[PDB]
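Peer 1: Fold the following, please.
(chains A and B, ligands or ions: 8)
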Amino acid sequence: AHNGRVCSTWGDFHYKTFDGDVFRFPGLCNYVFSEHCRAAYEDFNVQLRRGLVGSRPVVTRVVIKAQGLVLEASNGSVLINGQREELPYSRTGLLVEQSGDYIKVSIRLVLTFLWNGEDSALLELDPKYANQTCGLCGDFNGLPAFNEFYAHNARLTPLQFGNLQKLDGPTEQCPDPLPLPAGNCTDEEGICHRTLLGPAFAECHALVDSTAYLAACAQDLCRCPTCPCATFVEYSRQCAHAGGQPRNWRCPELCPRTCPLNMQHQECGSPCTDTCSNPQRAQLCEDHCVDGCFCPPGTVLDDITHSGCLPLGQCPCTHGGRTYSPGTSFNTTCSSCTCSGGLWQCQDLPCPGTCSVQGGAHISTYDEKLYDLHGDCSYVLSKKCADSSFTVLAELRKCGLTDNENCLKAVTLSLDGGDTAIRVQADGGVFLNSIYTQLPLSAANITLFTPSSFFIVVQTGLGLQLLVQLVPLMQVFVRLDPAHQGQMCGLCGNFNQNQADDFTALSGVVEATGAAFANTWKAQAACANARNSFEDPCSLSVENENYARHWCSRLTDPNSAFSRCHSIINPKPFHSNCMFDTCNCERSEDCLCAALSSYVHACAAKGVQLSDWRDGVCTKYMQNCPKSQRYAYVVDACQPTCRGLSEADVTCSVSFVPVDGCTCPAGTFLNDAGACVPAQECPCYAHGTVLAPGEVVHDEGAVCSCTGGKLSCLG
Amino acid sequence: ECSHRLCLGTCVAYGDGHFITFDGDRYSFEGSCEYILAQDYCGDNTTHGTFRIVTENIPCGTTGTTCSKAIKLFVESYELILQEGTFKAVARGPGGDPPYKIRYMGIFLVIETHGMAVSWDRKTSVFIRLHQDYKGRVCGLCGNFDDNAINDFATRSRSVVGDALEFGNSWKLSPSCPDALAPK
Ligand SMILES: *[C@@H]1O[C@H](CO)[C@@H](O)[C@H](O)[C@H]1NC(C)=O
Ligand SMILES: *[C@@H]1O[C@H](CO)[C@@H](O)[C@H](O)[C@H]1NC(C)=O
Ligand SMILES: *[C@@H]1O[C@H](CO)[C@@H](O)[C@H](O)[C@H]1NC(C)=O
Ligand SMILES: *[C@@H]1O[C@H](CO)[C@@H](O)[C@H](O)[C@H]1NC(C)=O
Ligand SMILES: *[C@@H]1O[C@H](CO)[C@@H](O)[C@H](O)[C@H]1NC(C)=O
Ligand SMILES: [Ca+2]
Ligand SMILES: [Ca+2]
Ligand SMILES: [Ca+2]
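Peer 2: Residues are numbered from 1 along each chain as shown, chains lettered A, B, ... in the order given. Ligands and ions are numbered 1, 2, ... in the order given. Right below this line is the structure:
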């Protein structure tokens, strides 16, 4: 262990070098406590300043210089490179903490400096610094009695030795301590002998000799009689550092210590206090005994709310910075996790898988393997490749000068082995079996309707739902009842919760990149193979650069509307999509707002209602609405219609993620004419007959009324 | 038609903090403390597990941007610290023969354990190759090796998060260490 890689300074100016020496040196200036001084380039330079508190010998300032880092500890405060910092302060290779009763500065592979704050200070050094250091801590050559005190072949007294390692301030001339006259007292009552030679440090007698510590205890007895326990504390530290196990020597009279209610003050407690945040940290630790507050065995520490040491099964859990007292639960969209057993017990609610094609080029599969596809053909977007039950096709078409300028142009749901084909174009035109079909339409369990002017919903009973975006451009989203898990094929991958198998082709091997995978799923053999694209279109135009940057940066802004989803969905792929689109898109605003809409819609699929994100952006999509309609951010149901309120509707029995778009406002309905009128202006419909509002009629021996669009009949 | 030989899973921890876990997921995490790059010491029983790998970012001449790594290859009761350009051995437990083997593979220190081979470029990249036996029973910053990359952001309490910072902050060895802030 830390056999001879330790030096220390304690109590009444007692200095202990690496190799085992002890001597008193009552200096009162700055001193080179240790320094890498036999190397071409120095690694550490730790200096001490020793002063008086009324009469108590203390350390008033430590200045550790290491590898370009300056660390000045004084006045209970720490200065890191000239700036005050709040404990703990951590950086690559460096960490300073208020651990336990001290201030500990560990510069990994360099040094370990403990400073109790008043009098003690201990240095652990790497083994590679042997023979290359010089200072009060010695030379680290391993030979105690022979090489610290020979200044050009002459032996020195500890006063002279400590005076050699002196360093004045720039404008300071500190004197030297004149030798202290003879001592007195000694250990008359025998306290030093009784304790140090007592049971507690038994095995410590086998590692560290107590003679100098006995002398120092007696000498401190000559000083105040509330300060003789410094030497015992130092002997405990040294015995722990050699490897031996010190035992508890403190008694309510022998410098008693106090700890919190659940925390006991121990000598030689395990340094790594298990805490149910990491309740098994103390498993395979490597660090010797350390003194301090500890917990009774079994009840690990609670560092999450600081309720003292708590039983393993009654301490909280943490999710996203939120505290959860054990017993509580939290369900995500996809899974529910209960805080119990000191952990999160997580079960999964069934989750419909979600493929999507955004920007006409980017594809997020069911396994969430985002990849780019710059192709010009019809690609089998998804297909239950056991059978031909359903086959979602997407036609991606090149839209500009560059081969990597693509737009989605159609979504052709083939069905029943090609017997049926629902083809949603990019203008919004919907073709049922290559025949124009307005919306809604409900037949063969297939339901087509527009929740708003921006989206078209193609809901089927076979399991898959298509949600297609037209504004600002053409994007597709696909939802699957999780029953089809690990069965599908096509571009969107086999939906088996594995991102490494998504590129499984029909030949039984995982394909390498996006385009190489896609060129196996082309619909027509005459298509041209997609090509891998490295050239970022962002590099072309500086004005395109600044425009795309200044707008797409709204994604990752922690103060932005999108921040609410940052802690759930990582927005880096979405920001890359926005950059690539806007830079490559001829209609930069269109692709930009398509990217922002895509991010919003994905987050709302995960279950977050991002709202009011179009501040000063994409407002031409606010204004362009059809007359008598209006925008809405949370459209989470069917469209309120006069026919529907009159006689119900199959349309409104479909659950889809809440999309945004243009709809009639609440309290209004659109008649068969499509104009938006309140309920009072739209008629009840009986047998398909327009029965005007507020009109009493006769039918089949009955009297009926049309109140607020609602039909009532009596008799 | 492919031969059916099993292939070793691969975790890659390199650069300023890029990780490619066993299940193929990729992310970036700039951590400064000691982080469990792998272990079998996670389960309803921790003690039927064998090994453990921690890493942390050494600066080699300052306290600034990272310059190298520091690995702690524990194997049962043995231990191997990889730093500064070579290896060490702080074997503390039962003193039998090494359950590891050491080799100088090109510009790499390669340490095998008959089912778990660690390759260290001697500066900053670690590539770990595991047998298919350890599938689903490991954890840390190389995921849990389950061929399910979506949930590889499983923290200490197995609360799968959508954020890299929380997943990294979970696996720090010493809870006293400060959590890394937002990477820049
Ligand atoms: C330490 O700093 C505080 C202010 O932070 C000051 O009031 C005090 O006098 C200083 N010295 C001591 C011994 O507290
Ligand atoms: C330590 O340094 C002294 C200084 O000259 C040298 O004579 C001696 O050989 C060195 N020994 C070791 C073990 O480094
Ligand atoms: C999810 O958790 C919340 C809070 O405990 C609860 O109100 C809600 O009912 C849960 N969802 C379920 C049980 O589907
Ligand atoms: C739904 O599908 C079944 C099976 O193909 C078919 O028999 C039925 O006519 C369809 N429509 C309804 C309303 O069930
Ligand atoms: C493993 O853990 C279970 C509880 O999860 C416990 O019942 C069992 O005794 C443990 N086995 C060993 C060998 O520790
Ligand atoms: Ca010496
Ligand atoms: Ca898959
Ligand atoms: Ca996983």
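
Peer 1: Find the residue closest to the residue of chain B at minimum distance from ligand 4 in space, skipping its chain neighbours.
Peer 2: Residue nearest to ligand 4 within chain B: residue B:150 (33.2 Å; CB to the nearest ligand atom). The C-beta positions use only the backbone N, C-alpha and C, and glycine is treated the same way. In space, and not counting its chain neighbours, residue B:150 is closest to residue A:368: 5.7 Å by CB to CB, 6 or more residues apart in numbering or on different chains.

Peer 1: For my notes, confirm the one you found occurs in a strand.
Peer 2: No. Under DSSP: H, G, I helix; E, B strand; the rest coil, residue A:368 sits outside any strand and is assigned coil.

Peer 1: May I have the phi/psi pair for it?
Peer 2: Here is the backbone geometry of residue A:368 (degrees, to the nearest 10): phi 60, psi 40.

Peer 1: Residue A:502 is in contact with that one, correct?
Peer 2: No. Counting by CB atoms under 8 Å, residue A:368 stays clear of residue A:502, with 9.0 Å between them.

Peer 1: what number of residues lie near residue 157?
Peer 2: I went with chain A, as the question did not name one. By other CB atoms under 10 Å in any protein chain shown, 12 other residues sit near residue A:157.

Peer 1: Chain B, not that one
Peer 2: Residue B:157 has 22 neighbours, counted by other CB under 10 Å.

Peer 1: got a list of what the residue nearest the centre of chain B touches?
Peer 2: Residue closest to the mean C-alpha point of chain B, counted by CA atoms, centre = their mean, is residue B:37 at 2.4 Å. Contacts here follow CB atoms under 8 Å, 6 or more residues apart in numbering or on different chains; on that basis residue B:37 touches B:11, B:13, B:53, B:54, B:55, B:71, B:126, B:128, B:140, B:141, B:142.

Peer 1: show me what contacts residue 30?
Peer 2: No chain specified, so I'll use chain A. Applying CB under 8 Å, 6+ apart to residue A:30 gives the contacts A:47, A:48, A:49, A:61, A:63, A:166, A:167, A:168, A:169, A:174.

Peer 1: My question was about chain B, not that one.
Peer 2: Counting by CB under 8 Å, 6+ apart, the residues that residue B:30 touches are B:16, B:17, B:180, B:183.

Peer 1: okay, residue A:368 and residue A:502: which has more neighbours?
Peer 2: Using other CB under 10 Å as the criterion, residue A:368 and residue A:502 rank with residue A:502 on top: 24 against 17.

Peer 1: Now do the SS call for that one.
Peer 2: coil.

Peer 1: got the phi/psi numbers for the residue lying closest to residue B:99 once chain neighbours are set aside?
Peer 2: Nearest non-adjacent residue to residue B:99, counting by CB to CB, 6+ apart: residue B:75, 5.1 Å away. Backbone geometry at residue B:75, expressed as degrees, to the nearest 10, gives phi -140, psi 110.

Peer 1: residues near residue B:75, how many?
Peer 2: Residue B:75 has 18 neighbours, counted by other CB under 10 Å.

Peer 1: how about it, what does it touch?
Peer 2: The neighbours of residue B:75, taking CB under 8 Å, 6+ apart as the test, are B:50, B:51, B:99, B:100, B:113.

Peer 1: out of those residues, which is most surrounded?
Peer 2: Per-residue neighbour counts (other CB under 10 Å) across these peak at residue B:51, which has 22 neighbours.

Peer 1: Now it: closest residue in space, sequence neighbours ignored.
Peer 2: Nearest residue to residue B:51, sequence neighbours excluded (CB to CB, 6+ apart): residue B:75, at 5.1 Å.

Peer 1: Which parts of chain B are strands?
Peer 2: Applying DSSP state E to chain B gives strands spanning B:9-14, B:18-20, B:26-28, B:35-39, B:51-58, B:68-75, B:80-83, B:86-87, B:101-105, B:108-112, B:116-120, B:126-130.

Peer 1: sorry, back to before: against ligand 5, how distant is the residue nearest to residue B:51?
Peer 2: For residue B:75, the distance to ligand 5 equals 20 Å [CB to the nearest ligand atom, to the nearest Å].

Peer 1: what about whichever residue of the stretch 551-700 of chain A sits closest to ligand 8, helix or strand, and which?
Peer 2: In the stretch 551-700 of chain A, no residue comes nearer to ligand 8 than residue A:570, which is 16.1 Å away by CB to the ion. Per DSSP states H and E, residue A:570 falls between elements, in no helix or strand.

Peer 1: My guess is it contacts residue B:162. True?
Peer 2: Yes. Between residue A:570 and residue B:162 there is a contact under CB under 8 Å: 6.2 Å.

Peer 1: Nearest to residue A:392 among the contacts of residue B:30?
Peer 2: Residue A:392 has its nearest neighbour among these in residue B:183, at 37.8 Å by CB to CB.

Peer 1: Who are the contact partners of the closest one?
Peer 2: B:17, B:28, B:29, B:30, B:165.

Peer 1: Could you single out the nearest of those residues to ligand 7?
Peer 2: Using CB to the ion, the shortest approach to ligand 7 within the contacts of residue B:183 belongs to residue B:28, at 23.5 Å.

Peer 1: who does the closest one bridge with?
Peer 2: Legend: beta-bridge partners of residue B:28 under DSSP bridges are residue B:18.

Peer 1: Show the contacting residues for it.
Peer 2: Per CB under 8 Å, 6+ apart, neighbours of residue B:28: B:16, B:17, B:18, B:19, B:164, B:183.

Peer 1: Could you save those residues as CSV and add columns showing distance to ligand 4?
Peer 2: Converted to CSV, those look like this (distance: CB to the nearest ligand atom, whole Å):
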residue, distance to ligand 4
B:16, 56
B:17, 53
B:18, 50
B:19, 48
B:164, 45
B:183, 52
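
Peer 1: In these, which residue is surrounded by the most others?
Peer 2: Neighbour count (other CB under 10 Å) singles out residue B:19 as the most crowded of those, with 24 neighbours.

Peer 1: That one reaches residue B:29, doesn't it?
Peer 2: Yes. Contact criterion CB under 8 Å: residue B:19 and residue B:29 qualify, at 6.5 Å.

Peer 1: what residues are shared contacts of these two?
Peer 2: Contact criterion CB under 8 Å, 6+ apart; residues shared by residue B:19 and residue B:29: residue B:141.

Peer 1: Residue A:458: neighbour count?
Peer 2: Close neighbours of residue A:458, defined as other CB under 10 Å, add up to 22.

Peer 1: ugh, wrong one, I meant residue B:182
Peer 2: Around residue B:182 there are 9 other residues, counting by other CB under 10 Å.

Peer 1: and it, what is it in contact with?
Peer 2: Residue B:182 is in contact with A:558, B:165, counting by CB under 8 Å, 6+ apart.
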